[PDB]
Chemist: 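This is the structure, below, for whatever I ask next.
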Amino acid sequence: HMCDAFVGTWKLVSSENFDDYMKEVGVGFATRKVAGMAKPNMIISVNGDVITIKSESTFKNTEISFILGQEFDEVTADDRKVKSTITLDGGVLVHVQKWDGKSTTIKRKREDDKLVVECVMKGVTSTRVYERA
Ligand SMILES: O=C(O)c1ccccc1NC(=O)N1CCc2ccccc21
């Protein structure tokens with residue numbers, strides 16, 4: 001029952017500073033522009049200890065499956081090859097991605113009926129708000 005309140009199908013309803021976040025991460029112009037138009041569907045499910053997060057969009061579909069606290073390979077939607085670890089900290093899913101000596105942290109939180117995603121790369125934060133589909 002660890003992630004019960006995250007489970008479901010979620011649709012993006014607002015974005016702030018995502019282009020700047022993607023710039024800070026190193027995403028190039030064309031990918032930023034196309035990816036920035038997308039309104040992804042995030043689908044979160046749990047089977048035993050395995051959490052799966054899918055994101056479906058016109059641009060790219062991604063899927064990760066993981067166990068909390070256990071590092072894994074992830075190829076991001078912008079084609080970074082990263083090492084990821086996702087933990088639960090006080091009810092927040094905290095996802096750290098490491099690549100090329102860099103790091104970014106993505107936090108996913110339930111707040112009212114929303115799922116709020118905060119992405120941080122050095123001093124840049126972007127907020128992506130999802131509601132139930
Ligand atoms: O988008 C987000 O809120 C998001 C937030 C945190 C981490 C990953 C994210 N996004 C993501 O994994 N994808 C996959 C497919 C796709 C298309 C266009 C823009 C983004 C995405």
Side-chain angles (χ1 to χ4, degrees):
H1 294 270
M2 54 192 184
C3 293
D4 279 4
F6 293 97
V7 166
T9 305
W10 300 91
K11 57 186 176 61
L12 183 73
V13 300
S14 70
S15 185
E16 283 292 357
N17 214 46
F18 197 65
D19 184 63
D20 280 339
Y21 171 79
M22 286 192 290
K23 284 187 177 186
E24 201 79 5
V25 164
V27 182
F29 179 90
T31 298
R32 289 200 315 280
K33 293 305 162 194
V34 171
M37 292 297 302
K39 298 286 185 156
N41 181 192
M42 184 177 41
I43 310 127
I44 302 177
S45 59
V46 181
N47 181 327
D49 294 334
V50 182
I51 304 166
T52 300
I53 304 177
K54 299 180 186 185
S55 299
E56 311 247 276
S57 76
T58 64
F59 173 59
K60 212 87 138 174
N61 305 318
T62 62
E63 175 181 328
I64 59 174
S65 293
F66 58 91
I67 296 173
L68 295 170
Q70 302 192 2
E71 190 170 49
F72 62 98
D73 295 319
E74 176 180 13
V75 177
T76 65
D78 62 302
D79 277 315
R80 290 170 286 131
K81 288 36 174 188
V82 309
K83 293 293 184 180
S84 287
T85 310
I86 303 179
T87 58
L88 218 30
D89 174 20
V92 178
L93 283 165
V94 181
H95 178 181
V96 181
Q97 299 175 329
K98 299 307 188 179
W99 77 106
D100 291 346
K102 301 165 175 190
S103 186
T104 186
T105 298
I106 300 152
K107 291 184 180 174
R108 300 171 176 92
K109 318 168 169 177
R110 279 296 311 272
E111 303 186 8
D112 301 316
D113 288 321
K114 297 168 186 206
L115 192 166
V116 176
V117 185
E118 291 166 356
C119 305
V120 172
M121 178 59 190
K122 301 183 266 178
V124 176
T125 308
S126 171
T127 302
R128 305 273 282 188
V129 180
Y130 291 76
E131 292 183 350
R132 302 246 186 215

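Both counts, for ligands and for their atoms, begin at 1 and track the order of listing. For reference, positions follow the sequence shown, starting with 1. Note that these values count all heavy atoms, side chains included, but never hydrogens, waters or copies made by symmetry.
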Chemist: Using modelled atom types only, decide if a donor and an acceptor are shared between the side chain of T104 and the backbone of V120 within a distance under 3.5 Å.
Modeler: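 It does hold such a pair.
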Chemist: Can you tell me how far CG of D78 sits from CZ of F59, rounded to the nearest 0.5 angstrom?
Modeler: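 Those atoms lie 7.5 Å apart.
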Chemist: Between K122 and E24, is there a salt bridge with N-O shorter than 4.0 Å?
Modeler: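 Looking at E24 and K122, the cut-off is met.
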Chemist: Stepwise, does the side-chain contact (heavy atoms from CB on, under 4.5 Å) test hold for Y21 with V27?
Modeler: CA-CA 9 Å; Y21 171 79; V27 182; over 6 Å; no
Chemist: Taking all atoms of both residues into account, what is the closest heavy-atom pair of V50 and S65, and its distance?
Modeler: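 Answer, listing the atom of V50 first, then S65: CG1-CB, 3.9 Å.
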Chemist: Which pairs of nitrogen or oxygen atoms, taken one from ligand 1 and one from the protein, are under 3.5 angstrom apart?
Modeler:
unit_1   : atom_1 : unit_2 : atom_2 : d
ligand 1 : 1 (O)  : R128   : NE     : 3.4
ligand 1 : 1 (O)  : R128   : NH2    : 2.7
ligand 1 : 3 (O)  : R128   : NE     : 2.7
ligand 1 : 3 (O)  : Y130   : OH     : 2.8

Chemist: Is the backbone N or O of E16 less than 3.5 Å from a side-chain atom of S126, with the two atoms forming a donor-acceptor pair by type?
Modeler: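 Looks like yes, one N/O pair under 3.5 Å.
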